């Protein structure tokens, strides 16, 4: 069997950080995100019988074994669930700008989930692809559905999955991603999550998440941008508060990250609707009603230290091609 599927990365408005079950990637808290249309992972899966072990190609090159044992531990699940014991060649490509440091894990395991199961013949519901993608990478659950997506955290493998709050066309929001020239090579998120429990502030952050989710959920449905803007900045600061207070601390911010966060908040307070959020890295995502993207991109491009500004709009669900 053979299939090919594409998925978008997503930007979390309410952050996933910390695991209730690290293996199954059942999160301590729920999260909400928007798919990013202009960036894509395309992955083809080819099951061939009696090939010894699994094979992984990434952007044309033989993936490193860390990458391969991730995908083949993943494909083990697609086997345990299909009965079928075939190994497979995985070929994946993405169009992510060169060294901008943009996280691919979500888009990649969303695509891997859709192509692998379709290639091995199955026909999973959207809810079930997301339960599957989740086990490859937490935030991958959220790239399976489209548009604005909520991840229902749950306490079991069956209860933890994501669903579309709203389709992409429901709210014309843009993400202007400030890529920082100077960029470091940060601790990967899987370790970061594990260290969240060393933070004295993680329990309080986690317990407060339903308050934050309800405000953002309502804001997306009602298209209430100022409520969205203040909450995503607060949620992003809460996650980084936890990161910065872990042992050892995780300081993903670069000095220019600080400049951008302060500038975005000043821009919004003086009239330009905009808001910042950061993942486990120094790039700064600026969310704005798309009618303001030009202005936001202009102001971001003038900030010393900003290498370039990517422009992404609300993207759709993972799809077979």
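Positions refer to the first chain, counted from 1.
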{"property": "256-264 set against 57-65, stretch whose average Cα temperature factor tops the other in the entry", "result": "57-65"}
{"property": "Average Cα temperature factor in the PDB entry - higher stretch of 178-186, 232-240", "result": "178-186"}
{"property": "Per the PDB entry, maximal CA B factor within 172, 141, 152, 82", "result": "82"}
{"property": "Out of 75, 196, 250, 110, highest CA B-factor residue", "result": "75"}
{"property": "Chain-relative CA temperature factor third for residue 118", "result": "highest"}
{"property": "Modelled-residue ranking by C-alpha temperature factor, third containing residue 98", "result": "highest"}
{"property": "Assigned third (lowest, middle, highest) for the C-alpha B factor of residue 91", "result": "highest"}
{"property": "Third of the chain's Cα B-factor distribution that residue 302 belongs to, per the entry", "result": "middle"}
{"property": "Residue 43 by Cα B-factor - lowest, middle or highest third of the modelled chain", "result": "highest"}
